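Shown next, in C-alpha cells, is the structure this report addresses.
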Amino acid sequence: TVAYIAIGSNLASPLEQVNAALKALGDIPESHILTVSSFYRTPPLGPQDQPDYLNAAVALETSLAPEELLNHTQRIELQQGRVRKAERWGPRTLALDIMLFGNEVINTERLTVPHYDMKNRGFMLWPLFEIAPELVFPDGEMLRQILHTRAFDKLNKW
Ligand SMILES: Nc1ncnc2c1ncn2[C@@H]1O[C@H](COP(=O)(O)CP(=O)(O)OP(=O)(O)O)[C@@H](O)[C@H]1O
Ligand SMILES: [Cl-]
Ligand SMILES: [Mg+2]
C-alpha cells in the first residue's frame, strides 16, 4: 500500500529532527520510503512571533494495517519530539499525519483518512502535489482540482 504521510516541525532549527523522523519512517517494519518532497517553509499567519514550520510529504510503501502504521507514527512523535506546554497552536514539535492510505477510507475513533482537514491546508497539499500531482482521492476528488479550486499561496522551499 502506498501511504502518504505529512511531516511538520516547528523547531527553530528543524533539519536534524526532520531527518531523524525520516530515518525512523524508513525503519518502520514492512515499510520503506518511496519518495520525499522538498522541504517547505510555511508562515506564522497573523501573530508573527510564531516560528516558521518545516513541512514535507512522504510516500511510504507499507504492508502494515493502517492502525499499525498509526502506532508507529505516534511512537516516532513521542520519541523524536515533545509537546509544547504553550497552547493548541503548536501542539507538538514534530507532527506526523497520515494523509492518504492507498485508496482506503477510514473513519474510526483513532483514524480519519483521508486526513480530516488536509483539503484546508496548503502546507499539506502543496508538498503532496510535488510528489503526486496526479493523485485521486478515494471518493474521486483530485488533488489538482482542490488546489485549482482553492488557490492556496505557494510555499517557498526551506
Ligand atoms: N489521519 C490521521 N493521521 C494522524 N492522526 C490522526 C489521523 N486521523 C485521526 N488522527 C488522530 O488525531 C489525534 C490527534 O489530534 P490532535 O492532536 O487533537 C490535533 P493535531 O494532531 O495536534 O494536529 P492536526 O489536527 O492539525 O492534525 C490522534 O490521537 C489520532 O488518533
Ligand atoms: Cl486513503
Ligand atoms: Mg495530526
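Going through the C-alpha cells in order, the chains are called A, B, and so on, while each chain numbers its residues from 1 and the ligands are numbered from 1 in the order shown.
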message = Using only C-alpha atoms and all ligand atoms, which residues have at least one atom no more than 6 Å from ligand 1? Output them as a PyMOL selection string.
response = chain A and resi 91+97-99+110-113+115
message = Residues within 12 Å of residue 44 (chain A), please, as a PyMOL selection string. Count only C-alpha atoms; anything in the same chain fewer than 2 positions from it doesn't count.
response = chain A and resi 10+41-42+46-54+89-90+123
Write out the residues from the selection above, keeping N, CA and C atoms, as a short mmCIF file (atom, residue, chain, number, x, y, z; two decimals), in the first residue's frame.
data_model
loop_
_atom_site.label_atom_id
_atom_site.label_comp_id
_atom_site.auth_asym_id
_atom_site.auth_seq_id
_atom_site.Cartn_x
_atom_site.Cartn_y
_atom_site.Cartn_z
N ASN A 10 8.14 22.53 14.03
CA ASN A 10 8.16 23.95 14.35
C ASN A 10 9.40 24.37 15.15
N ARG A 41 8.91 25.87 3.67
CA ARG A 41 8.85 26.78 4.78
C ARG A 41 7.44 27.36 4.78
N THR A 42 6.74 27.23 5.90
CA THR A 42 5.37 27.71 5.98
C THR A 42 5.20 28.72 7.11
N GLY A 46 -0.98 35.72 10.92
CA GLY A 46 -1.40 36.63 11.97
C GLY A 46 -0.26 36.91 12.93
N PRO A 47 -0.40 36.45 14.18
CA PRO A 47 0.68 36.56 15.17
C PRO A 47 2.00 36.15 14.55
N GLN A 48 2.96 37.07 14.54
CA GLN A 48 4.23 36.86 13.85
C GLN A 48 5.25 36.12 14.70
N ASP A 49 5.22 36.35 16.01
CA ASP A 49 6.21 35.78 16.91
C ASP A 49 6.27 34.25 16.83
N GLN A 50 5.30 33.66 16.13
CA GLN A 50 5.34 32.22 15.86
C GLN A 50 6.46 31.92 14.88
N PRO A 51 7.16 30.79 15.07
CA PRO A 51 8.25 30.39 14.17
C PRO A 51 7.74 29.72 12.90
N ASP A 52 8.56 29.73 11.85
CA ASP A 52 8.23 29.05 10.60
C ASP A 52 8.16 27.55 10.82
N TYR A 53 7.22 26.89 10.15
CA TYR A 53 7.19 25.43 10.14
C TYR A 53 8.01 24.91 8.96
N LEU A 54 8.65 23.76 9.15
CA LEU A 54 9.14 22.99 8.02
C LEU A 54 8.09 21.93 7.74
N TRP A 89 -2.08 25.94 19.50
CA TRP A 89 -1.49 26.47 18.27
C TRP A 89 -0.48 25.48 17.69
N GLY A 90 0.69 25.40 18.33
CA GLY A 90 1.68 24.40 18.00
C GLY A 90 1.66 23.33 19.07
N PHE A 123 -0.14 23.79 3.31
CA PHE A 123 1.13 23.20 3.74
C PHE A 123 1.12 21.68 3.69
#
key: Expected selection as a ChimeraX atom specification for ligand 2 within 12 Å, only C-alpha atoms and all ligand atoms   = /A:1-5,66,98-107,111-116,118,135-141
request  = Please provide the set of residues having any atom within 12 Å of residue 134 (chain A), restricted to only C-alpha atoms, with same-chain residues fewer than 6 positions apart removed, written as a PyMOL selection string.
outcome  = chain A and resi 128+140-147
Using only N, CA, C and O atoms, please write the residues we just selected to a file, as a JSON list (two decimals), in the first residue's frame.
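Output contents, as saved in out_38.json:
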[["chain", "number", "residue", "atom", "x", "y", "z"],
["A", 128, "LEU", "N", 2.47, 17.57, -1.09],
["A", 128, "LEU", "CA", 1.90, 16.35, -1.65],
["A", 128, "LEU", "C", 1.79, 16.44, -3.18],
["A", 128, "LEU", "O", 2.03, 15.46, -3.89],
["A", 140, "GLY", "N", -12.95, 10.12, -5.44],
["A", 140, "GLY", "CA", -12.86, 10.66, -6.79],
["A", 140, "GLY", "C", -12.43, 12.11, -6.89],
["A", 140, "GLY", "O", -12.18, 12.61, -7.98],
["A", 141, "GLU", "N", -12.32, 12.81, -5.76],
["A", 141, "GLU", "CA", -11.77, 14.15, -5.81],
["A", 141, "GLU", "C", -10.33, 14.08, -6.29],
["A", 141, "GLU", "O", -9.68, 13.05, -6.16],
["A", 142, "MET", "N", -9.82, 15.19, -6.82],
["A", 142, "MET", "CA", -8.47, 15.21, -7.36],
["A", 142, "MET", "C", -7.64, 16.27, -6.66],
["A", 142, "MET", "O", -8.09, 17.39, -6.51],
["A", 143, "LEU", "N", -6.44, 15.90, -6.23],
["A", 143, "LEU", "CA", -5.56, 16.86, -5.57],
["A", 143, "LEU", "C", -5.38, 18.13, -6.40],
["A", 143, "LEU", "O", -5.43, 19.23, -5.87],
["A", 144, "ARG", "N", -5.16, 17.96, -7.71],
["A", 144, "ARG", "CA", -5.00, 19.11, -8.61],
["A", 144, "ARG", "C", -6.24, 20.03, -8.58],
["A", 144, "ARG", "O", -6.13, 21.25, -8.55],
["A", 145, "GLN", "N", -7.41, 19.41, -8.57],
["A", 145, "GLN", "CA", -8.65, 20.17, -8.54],
["A", 145, "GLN", "C", -8.83, 20.96, -7.24],
["A", 145, "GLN", "O", -9.31, 22.09, -7.26],
["A", 146, "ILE", "N", -8.45, 20.36, -6.12],
["A", 146, "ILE", "CA", -8.51, 21.03, -4.83],
["A", 146, "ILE", "C", -7.63, 22.29, -4.82],
["A", 146, "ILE", "O", -8.05, 23.36, -4.38],
["A", 147, "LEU", "N", -6.41, 22.16, -5.32],
["A", 147, "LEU", "CA", -5.51, 23.30, -5.44],
["A", 147, "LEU", "C", -6.01, 24.31, -6.48],
["A", 147, "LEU", "O", -5.74, 25.50, -6.38]]
message = Report, in Å to a single decimal, how far apart CA of residue 38 (chain A) and CA of residue 84 (chain A) are.
response =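 Distance reported for this atom pair: 25.7 Å.
Separating CA of residue 43 (chain A) from CA of residue 130 (chain A) is a distance of 18.7 Å.
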